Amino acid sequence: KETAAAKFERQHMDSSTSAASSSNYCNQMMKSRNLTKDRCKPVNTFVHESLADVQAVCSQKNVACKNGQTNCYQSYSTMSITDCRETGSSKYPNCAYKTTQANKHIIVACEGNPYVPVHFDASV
C-alpha cells in the first residue's frame, strides 16, 4: 500500500512544468499518475510548484477543512495549478478530462511527523 504522503505526491504534484502545456495535459496526467486504473477519478488537481513549496503550506494559514477537520492549511501565496475534471464524453475505461489552468491559493490537510500534505482540499 501507499503512505498517505506518497499518495498526495502521486495525485497532486507536478513540479516538472510551470503550467499545463496543452488541453490534453489532464488526459495524459490522470493516466500516467494511475488515476484511471480501476475507474475514472472524477476530479483532481495538480500543483506546479516545487515539492518544498507545497510541503511548506503545512506551516502556513491554519483553516478548517471542508469536512470540519482542523488540520487544513491555506497557502499564503497563489500557486500555478491545473484542475482536471471528467467531461461528458468520458466513460471508463476511456477516461476523458477537461484541463483548467489557474493561479490560486491551495488548501491541503496535513498529518504526521514530518507534518506533510496528505489530502488536497480545495483551491481559492
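Start at 1 with the first residue shown and count on from there. C-alpha atoms forming the largest set that superposes within 1.5 Å between two forms make up the rigid core.
Of the two stretches examined, 71-79 and 30-38, the one with higher mean CA deviation in 6 other deposited structures of this protein after a rigid core fit is 30-38. After superposition on the rigid core, the larger root-mean-square Cα deviation in 6 other deposited structures of this protein belongs to 84-92, not to the other of 84-92 and 52-60. Two stretches are in play, 55-63 and 83-91, and the higher mean C-alpha B-factor belongs to 83-91. On average the C-alpha atoms of 111-119 have higher B-factors than those of the other stretch, with 111-119 and 8-16 being the two compared.
Set against one another, the Cα B-factors of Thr45, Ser77, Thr99, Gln69 in the record reach their highest point at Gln69. Annotation for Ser50: C-alpha temperature factor in the lowest third relative to the rest of the modelled chain, per the entry.
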